[PDB]
Amino acid sequence: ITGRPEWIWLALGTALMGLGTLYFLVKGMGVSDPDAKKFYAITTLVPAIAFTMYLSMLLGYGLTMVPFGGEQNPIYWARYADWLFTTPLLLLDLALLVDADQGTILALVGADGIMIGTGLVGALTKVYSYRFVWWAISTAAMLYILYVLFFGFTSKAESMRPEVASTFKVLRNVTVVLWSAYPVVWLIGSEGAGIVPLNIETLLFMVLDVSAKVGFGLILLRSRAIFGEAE
Amino acid sequence: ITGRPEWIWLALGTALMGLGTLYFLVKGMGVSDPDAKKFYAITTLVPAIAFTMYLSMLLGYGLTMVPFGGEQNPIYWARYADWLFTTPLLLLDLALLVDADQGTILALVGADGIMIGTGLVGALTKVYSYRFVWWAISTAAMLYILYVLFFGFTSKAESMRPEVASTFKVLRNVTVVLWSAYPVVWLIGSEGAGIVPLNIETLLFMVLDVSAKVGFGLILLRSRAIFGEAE
Amino acid sequence: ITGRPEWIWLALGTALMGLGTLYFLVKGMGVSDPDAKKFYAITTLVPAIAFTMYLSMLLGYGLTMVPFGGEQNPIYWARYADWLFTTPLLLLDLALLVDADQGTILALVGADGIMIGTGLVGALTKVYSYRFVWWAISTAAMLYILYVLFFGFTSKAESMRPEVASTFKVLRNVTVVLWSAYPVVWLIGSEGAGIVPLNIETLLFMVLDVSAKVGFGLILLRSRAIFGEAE
Ligand SMILES: CC(C)CCC[C@@H](C)CCC[C@@H](C)CCC[C@@H](C)CCOC[C@@H](CO)OCC[C@H](C)CCC[C@H](C)CCC[C@H](C)CCCC(C)C
Ligand SMILES: CC(C)CCC[C@@H](C)CCC[C@@H](C)CCC[C@@H](C)CCOC[C@@H](CO)OCC[C@H](C)CCC[C@H](C)CCC[C@H](C)CCCC(C)C
Ligand SMILES: CC(C)CCC[C@@H](C)CCC[C@@H](C)CCC[C@@H](C)CCOC[C@@H](CO)OCC[C@H](C)CCC[C@H](C)CCC[C@H](C)CCCC(C)C
Ligand SMILES: *C/C=C(C)/C=C/C=C(C)/C=C/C1=C(C)CCCC1(C)C
Ligand SMILES: *C/C=C(C)/C=C/C=C(C)/C=C/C1=C(C)CCCC1(C)C
Ligand SMILES: *C/C=C(C)/C=C/C=C(C)/C=C/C1=C(C)CCCC1(C)C
Ligand SMILES: CCCCCCCCCCCCCCC
Ligand SMILES: CCCCCCCCCCCCCCC
Ligand SMILES: CCCCCCCCCCCCCCC
Ligand SMILES: CCCCCCCCCCCCCCC
Ligand SMILES: CCCCCCCCCCCCCCC
Ligand SMILES: CCCCCCCCCCCCCCC
Ligand SMILES: CCCCCCCCCCCCCC
Ligand SMILES: CCCCCCCCCCCCCC
Ligand SMILES: CCCCCCCCCCCCC
Ligand SMILES: CCCCCCCCCCCCC
Ligand SMILES: CCCCCCCCCCCCC
Ligand SMILES: CCCCCCCCCCC
Ligand SMILES: CCCCCCCCCCC
Ligand SMILES: CCCCCCCCCCC
Ligand SMILES: CCCCCCCCCC
Ligand SMILES: CCCCCCCCCC
Ligand SMILES: CCCCCCCCCC
Ligand SMILES: CCCCCCCCC
Ligand SMILES: CCCCCCCCC
Ligand SMILES: CCCCCCCCC
Ligand SMILES: CCCCCCCC
Ligand SMILES: CCCCCCCC
Ligand SMILES: CCCCCCCC
Ligand SMILES: CCCCCCCC
Ligand SMILES: CCCCCCCC
Ligand SMILES: CCCCCCCC
Ligand SMILES: CCCCCCCC
């Protein structure tokens, strides 16, 4: 484990995702509202999945070597197995908050799968220049997601209860800022141009992951928007 | 790229799926009917997924070598990753058109997963004679799907609006004819008996894919069956 | 095939899953109740999936070698591909029986995915002591599932029709007893401590699989709880 300088950030990430999972699990014990139960189930699964994948990276299972640039490059593939399941769950939290229609939910989840799937292909591609073709396709899929979150959901939240509109607006802004950083870290990190070393890259993804999952969840599950209007 | 004679058909397929995706995306911009939005989302995702997998084959990522018959045989595995997601989406288009019940939808999607999954196992199997055992199981799963589309959905469409009944009947006939060709191309192509060479096999799958996805989508999204009855 | 002593139990399992699939398929022909169709579709898919994965193990495709303990250990990875899809389908049978809320269904299916996913990682892990870390995480996920089936569903079934309450109680008890045996067989078998040899381990999993899928299905599909109350 300790033979890799980035191990400290993988261990911290593992701990923070595990602690986040347990807090949400305990906090959700005393909840019977069927609407609130939906948000607790979605939001608790997110850091639980991330916990297992951070642990796999810490123990060395989620790491492979990819030859490109005449070098064997360490690629943590477990990140994409994490994101494949956690990013659509996070979008479902937002879509259920605004009572989005089914067709829009399917478009979001499908574009998200394309985003993560093409990012994985780009991470494992051995022809250096082709890695950035996949990065560009994946980034186009992300821009579609961000467009929908702004010019489809925002207008839908305003016609909703005030507390669900204000909570959505906050979580929307958090998501757009944090998610946009991921393609940048990829491009300048060891998967892309190799400007930033792997140990610093790992620290950046850990800060982003914890903020986008645990921080996101703390804002959502403390809001009254997750409960139905009741007397 | 150009070192493979089949590259021209992979490049054409990539272009036609990309163009198809963009047309459906633009055409769906001016749509607010929640029913129509469902069909546009399903139908636009189909060629978008196929685009990415054709590109992976063009660039050489979606290709592996499988030893059988005393030879290293080029097997494009990316086809099955495509079909795993696009064939159930196409069946969902048909099932939603006739307002199929949930139990029937689950049976269709499950049989479809078995069809594609066993076809993938057959494509990667190293014992030559066993490849055709998997082909037979996969073909049995397809025949179940075709039976349901005829002796379960057809009777349901007649009790529906006339425009949804006539549109379903057309898309049903297109699907049964085109899908039935796939097991035949597999059997006589490089995955099976090896009668037809890979470059011709690739041309045939490209014609079938574009027809079953883009051609299918053009018929559906030009129909009024996708809109609810409104004044 | 016959070069492996466990082949006899893989062949028996294949036959019993295939026969089970055909019986459920025939029995479900004469069913039009939309509620009953749901249970028949879920319950017939379970042994059909298991059939294909037992066949892959029989023919040698679903087997790999994992080095640990200074030895190349035969690991049947196809079991986890089976369980990944069949265990959530079995939980869906139970959840639909008691009309569970959506949030609870998602929590069950998500915990089940974590259970199977971490068990697969543990089966393929090359550092011997780490294999049991994954076993423990997977077992914690199972205990969560069992808790929900007892202290969330049981109370919900009592407020239901008597026949659905008594049928659920029976299937609940069958599930908790049979599922609990799996982590024990893993721990003492070739994936874990290696006390029980592989051929005996394979026999035990076959008895458990057939009972948990075909036996489970025979109890459910003979009950009147799967039909709506009708005159
Ligand atoms: C509606 C939305 C959900 C739609 C989703 C969008 C999606 C279509 C976007 C594209 C996804 C696609 C790129 C997934 C590729 C997975 C692949 C990286 C797995 C590893 O295989 C890659 C190479 C080794 O580098 O295999 C070496 C050769 C091996 C012999 C490969 C044989 C196994 C194949 C991988 C079998 C295909 C399985 C499916 C891809 C499983 C789904 C994986 C997940 C990442 C989507
Ligand atoms: C309700 C419906 C959706 C049900 C679906 C029906 C489905 C059950 C039908 C059978 C599907 C099954 C054959 C999928 C097999 C995937 C497999 C080809 C992936 C590549 O692995 C094959 C060998 C190399 O040749 O791995 C070499 C050895 C490696 C060490 C393998 C270890 C990884 C395992 C593959 C882990 C299992 C992952 C799941 C199979 C992922 C789903 C893939 C998709 C193709 C279903
Ligand atoms: C809501 C719920 C459904 C959530 C589900 C819970 C889930 C997150 C729990 C953890 C699942 C995770 C451990 C799955 C790992 C699959 C992995 C074993 C496949 C084989 O790859 C392992 C190594 C060889 O040993 O690959 C060698 C290196 C290769 C180069 C690997 C590159 C391919 C990657 C495997 C791509 C990721 C694909 C996804 C993991 C596909 C889903 C598989 C299924 C088992 C979940
Ligand atoms: C909890 C994890 C989250 C919210 C991860 C989000 C990840 C992304 C938005 C990743 C995006 C990428 C691109 C847009 C292209 C480059 C490759 C990716 C996958 C890093
Ligand atoms: C857009 C792609 C489509 C509609 C693909 C359809 C593919 C099939 C219907 C494939 C069927 C197969 C068999 C029936 C057995 C032989 C292997 C397959 C997977 C080619
Ligand atoms: C039809 C198959 C069924 C119902 C299989 C159930 C399997 C389990 C409940 C497996 C549980 C495991 C653990 C709890 C940890 C050890 C590894 C597993 C996956 C065997
Ligand atoms: C979206 C965030 C990207 C900003 C990356 C900042 C990295 C600064 C760290 C110093 C770079 C290390 C280079 C010298 C080793
Ligand atoms: C009462 C609110 C705080 C509860 C404690 C939460 C502990 C989980 C770890 C959170 C750290 C990361 C927060 C986002 C920066
Ligand atoms: C379902 C369509 C299958 C028909 C295949 C027709 C192939 C004819 C092309 C000529 C065969 C090439 C053999 C000589 C190289
Ligand atoms: C107005 C209808 C035609 C629009 C142009 C569609 C261009 C997408 C490519 C379609 C070619 C394949 C059609 C099926 C044979
Ligand atoms: C949950 C069931 C686990 C019980 C396992 C009993 C196995 C007894 C078979 C004899 C053990 C073989 C050891 C000598 C070869
Ligand atoms: C009339 C009920 C029996 C029908 C025959 C079922 C045959 C399928 C194989 C069942 C054997 C396994 C039963 C569970 C132990
Ligand atoms: C490729 C993996 C995608 C599945 C991720 C799991 C979450 C799915 C959310 C589905 C939302 C409901 C759509 C109607
Ligand atoms: C194995 C991958 C299957 C999932 C394909 C994605 C489409 C799923 C459609 C689900 C239809 C809704 C069923 C109720
Ligand atoms: C185009 C939709 C408007 C909202 C999206 C904001 C774009 C942020 C740019 C992200 C940069 C990634 C490289
Ligand atoms: C048996 C259901 C009737 C409709 C299915 C038509 C069968 C077409 C044969 C396809 C040939 C594939 C080898
Ligand atoms: C803790 C929830 C109560 C019901 C679960 C029964 C636990 C059975 C123990 C299984 C042993 C697996 C190692
Ligand atoms: C080795 C660098 C080659 C540059 C390729 C950049 C491709 C980016 C595509 C974005 C449209
Ligand atoms: C090398 C050819 C061996 C023939 C096997 C055919 C199997 C087909 C099974 C269809 C029932
Ligand atoms: C080689 C045996 C090492 C023992 C590790 C046991 C780990 C079990 C963790 C359960 C909390
Ligand atoms: C609940 C605390 C979980 C912390 C265990 C993971 C941290 C790795 C320490 C080496
Ligand atoms: C929108 C046009 C997309 C065409 C790019 C793919 C074709 C491959 C050319 C080499
Ligand atoms: C319907 C009977 C299915 C039996 C075939 C599988 C058994 C393997 C025999 C070698
Ligand atoms: C993106 C930063 C999240 C901050 C988490 C703190 C929330 C406390 C209510
Ligand atoms: C299967 C052939 C499809 C033909 C596509 C043309 C549709 C234009 C309306
Ligand atoms: C767990 C044992 C199941 C027994 C199956 C027999 C059911 C006949 C109704
Ligand atoms: C109005 C809410 C502002 C939230 C933005 C937070 C950016 C990290
Ligand atoms: C909408 C604000 C985008 C912020 C992008 C930050 C990328 C590091
Ligand atoms: C490929 C772009 C299509 C141009 C608009 C078609 C008419 C909606
Ligand atoms: C009555 C519609 C006929 C459609 C059949 C088309 C076959 C390619
Ligand atoms: C229902 C007509 C079937 C046509 C099969 C064509 C196979 C090449
Ligand atoms: C009251 C029903 C008892 C069922 C338990 C069966 C254990 C195999
Ligand atoms: C609730 C009874 C548990 C039985 C466990 C059996 C494990 C072999």
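Just so it is clear, chain C uses Swiss-Prot numbers, and the residues here are 17-247, in order.
This deposition comes from X-ray crystallography, 2.1 Å.
Even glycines carry a Cβ here, placed using N, Cα and C.
Topologically, per Swiss-Prot, C:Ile91 is found on the other side of the membrane from C:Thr170. In summary, of the candidate residues C:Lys43, C:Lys142, C:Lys185, C:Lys229, the record from Swiss-Prot lists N6-(retinylidene)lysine for C:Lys229, whereas the others have no such entry there. Each of C:23-42, C:93-109, C:121-140, C:186-204, C:217-236 was scored by its Cβ pairs under 8 Å to the transmembrane segment (C:148-167), and the highest score goes to C:121-140.
Reported as a whole number, the C-alpha separation between C:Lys229 (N6-(retinylidene)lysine) and C:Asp98 (site 'Primary proton acceptor') equals 12 Å. Most Cβ pairs under 8 Å to the transmembrane segment (C:121-140), among the stretches C:23-42, C:57-75, C:93-109, C:186-204, C:217-236, belong to C:93-109. Counting only same-chain residues at least 6 apart in sequence, those with a Cβ under 8 Å from the Cβ of C:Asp98 (site 'Primary proton acceptor') are C:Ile65, C:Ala66, C:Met69, C:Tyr70.
For the topological domain 'Cytoplasmic' (C:168-185), the list of distant contacts is 110-111, 113-116, 120, 235-236, 239-241, 245: same-chain residues at least six beyond its ends, Cβ to Cβ under 8 Å.
Classification of C:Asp98 (site 'Primary proton acceptor') by DSSP places it within a helix.
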